[PDB]
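> Sharing work10.pdb here; it has PDB, C-alpha atoms.
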```pdb
ATOM      1  CA  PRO A 544     130.832 184.001 -12.883
ATOM      2  CA  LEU A 545     128.281 184.660 -10.123
ATOM      3  CA  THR A 546     129.790 185.571  -6.747
ATOM      4  CA  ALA A 547     128.411 186.153  -3.239
ATOM      5  CA  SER A 548     129.108 189.909  -3.628
ATOM      6  CA  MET A 549     127.253 190.097  -6.952
ATOM      7  CA  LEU A 550     124.255 188.267  -5.487
ATOM      8  CA  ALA A 551     124.198 190.639  -2.495
ATOM      9  CA  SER A 552     124.205 193.640  -4.880
ATOM     10  CA  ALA A 553     120.913 192.427  -6.353
ATOM     11  CA  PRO A 554     117.499 193.234  -4.828
ATOM     12  CA  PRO A 555     116.750 190.337  -2.455
ATOM     13  CA  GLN A 556     113.540 189.522  -4.344
ATOM     14  CA  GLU A 557     115.682 188.886  -7.502
ATOM     15  CA  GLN A 558     118.384 186.610  -6.039
ATOM     16  CA  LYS A 559     116.783 183.226  -6.868
ATOM     17  CA  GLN A 560     116.277 184.296 -10.490
ATOM     18  CA  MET A 561     119.922 185.371 -10.755
ATOM     19  CA  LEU A 562     120.892 181.852  -9.643
ATOM     20  CA  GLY A 563     118.314 180.181 -11.909
ATOM     21  CA  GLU A 564     119.614 182.131 -14.913
ATOM     22  CA  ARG A 565     123.081 180.628 -14.469
ATOM     23  CA  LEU A 566     122.006 177.156 -13.284
ATOM     24  CA  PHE A 567     119.562 176.437 -16.116
ATOM     25  CA  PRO A 568     121.995 176.212 -19.125
ATOM     26  CA  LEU A 569     124.167 173.727 -17.211
ATOM     27  CA  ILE A 570     121.233 171.605 -16.059
ATOM     28  CA  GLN A 571     119.781 171.709 -19.595
ATOM     29  CA  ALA A 572     123.093 170.281 -20.933
ATOM     30  CA  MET A 573     122.587 167.346 -18.578
ATOM     31  CA  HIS A 574     118.802 166.950 -19.014
ATOM     32  CA  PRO A 575     117.419 168.825 -22.094
ATOM     33  CA  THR A 576     113.752 167.934 -21.620
ATOM     34  CA  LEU A 577     113.323 168.176 -17.844
ATOM     35  CA  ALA A 578     115.839 170.962 -17.037
ATOM     36  CA  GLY A 579     113.030 173.432 -16.158
ATOM     37  CA  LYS A 580     111.560 171.171 -13.510
ATOM     38  CA  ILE A 581     115.003 170.210 -12.086
ATOM     39  CA  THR A 582     116.100 173.888 -11.877
ATOM     40  CA  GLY A 583     112.861 174.675 -10.011
ATOM     41  CA  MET A 584     113.676 171.913  -7.521
ATOM     42  CA  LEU A 585     117.257 173.040  -6.893
ATOM     43  CA  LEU A 586     116.332 176.706  -6.455
ATOM     44  CA  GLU A 587     114.824 175.688  -3.108
ATOM     45  CA  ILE A 588     118.393 175.123  -1.853
ATOM     46  CA  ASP A 589     120.148 177.880   0.104
ATOM     47  CA  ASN A 590     121.921 180.510  -2.032
ATOM     48  CA  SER A 591     125.434 179.869  -0.650
ATOM     49  CA  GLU A 592     125.217 176.198  -1.650
ATOM     50  CA  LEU A 593     123.786 177.127  -5.063
ATOM     51  CA  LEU A 594     126.724 179.491  -5.672
ATOM     52  CA  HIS A 595     129.121 176.641  -4.832
ATOM     53  CA  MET A 596     127.287 174.279  -7.187
ATOM     54  CA  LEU A 597     127.586 176.853  -9.990
ATOM     55  CA  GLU A 598     131.373 176.727  -9.789
ATOM     56  CA  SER A 599     131.800 173.035  -8.849
ATOM     57  CA  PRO A 600     130.590 170.745 -11.675
ATOM     58  CA  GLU A 601     130.868 167.550  -9.518
ATOM     59  CA  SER A 602     128.665 169.128  -6.857
ATOM     60  CA  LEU A 603     126.004 170.233  -9.367
ATOM     61  CA  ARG A 604     125.921 166.831 -11.118
ATOM     62  CA  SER A 605     125.421 164.928  -7.869
ATOM     63  CA  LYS A 606     122.500 167.188  -6.808
ATOM     64  CA  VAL A 607     120.968 166.976 -10.287
ATOM     65  CA  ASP A 608     121.189 163.150 -10.135
ATOM     66  CA  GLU A 609     119.293 163.280  -6.814
ATOM     67  CA  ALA A 610     116.601 165.595  -8.246
ATOM     68  CA  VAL A 611     116.067 163.268 -11.251
ATOM     69  CA  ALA A 612     115.697 160.178  -9.035
ATOM     70  CA  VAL A 613     113.190 162.036  -6.793
ATOM     71  CA  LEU A 614     111.169 163.229  -9.822
ATOM     72  CA  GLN A 615     111.066 159.700 -11.233
ATOM     73  CA  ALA A 616     109.998 158.259  -7.863
ATOM     74  CA  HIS A 617     107.257 160.882  -7.649
ATOM     75  CA  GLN A 618     106.052 159.897 -11.180
ATOM     76  CA  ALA A 619     105.590 156.312  -9.902
ATOM     77  CA  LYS A 620     103.842 157.630  -6.758
ATOM     78  CA  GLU A 621     101.379 159.792  -8.741
ATOM     79  CA  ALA A 622     100.678 156.819 -11.060
TER      80      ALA A 622
ATOM     81  CA  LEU B  15     113.992 167.854  -2.855
ATOM     82  CA  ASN B  16     110.427 168.774  -3.806
ATOM     83  CA  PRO B  17     109.113 167.228  -7.064
ATOM     84  CA  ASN B  18     106.201 169.693  -6.910
ATOM     85  CA  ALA B  19     108.487 172.719  -7.427
ATOM     86  CA  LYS B  20     107.524 175.418  -9.958
ATOM     87  CA  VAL B  21     109.105 174.980 -13.434
ATOM     88  CA  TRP B  22     111.877 177.448 -14.365
ATOM     89  CA  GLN B  23     111.545 179.450 -17.604
ATOM     90  CA  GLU B  24     114.809 180.949 -18.873
ATOM     91  CA  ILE B  25     115.484 184.420 -20.298
TER      92      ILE B  25
END
```
Let me see whether you can do it: turn the structure in this file into structure tokens.

Amino acid sequence: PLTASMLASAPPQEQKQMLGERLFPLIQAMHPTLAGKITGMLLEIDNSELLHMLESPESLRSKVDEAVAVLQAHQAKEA
Amino acid sequence: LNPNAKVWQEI
């Protein structure tokens, strides 16, 4: 598991990738095709919240659901 | 949430 202490041990310029590395497989389970885009969207969130989402499945799911609805709305807006 | 975000590529 990724912890606050582990994340702080990393070079600051690496911290988002450490999060993305752990977030992606879970998001890909939920959304196999679009996981890469969704992970990119969530990585904009603050690291503390991302750490919480990594260890709370309900929290991750609800943010992923939001990301998907925003992506779909944007698809209609670009159309 | 920003739908223009850069796509993640996993290692």
> Which residues would end up in the selection if the PyMOL selection byres ((chain A) within 8 of (chain B)) were applied here, given that I need the answer as JSON, numbers by chain?
{"A": [563, 564, 567, 579, 580, 581, 582, 583, 584, 585, 587, 610, 613, 614, 617]}
> Can you tell me, as lines of an AutoDock Vina configuration file, the centre and edge lengths (Å, one decimal) of the axis-aligned box enclosing all of region 576-582 of chain A's listed atoms after padding each side by 4 Å?

```
center_x = 113.8
center_y = 170.9
center_z = -16.7
size_x = 12.5
size_y = 14.0
size_z = 17.7
```
> Measuring atom to atom with all atoms listed in the file, identify which of A:561, A:586, A:566, A:571 is nearest to residue 599 (chain A).
A:566
> Using CA of residue 568 (chain A) and CA of residue 553 (chain A) as the two end points, give the distance in Å to one decimal.
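Taking CA of residue 568 (chain A) and CA of residue 553 (chain A), their separation equals 20.7 Å.
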> Which polymer residues have any atom within 9 Å of an atom of region 600-605 of chain A, counting all atoms listed in the file, with same-chain residues fewer than 4 positions away left out, as a PyMOL selection string?
chain A and resi 566+569-570+573+593+595-596+609-610
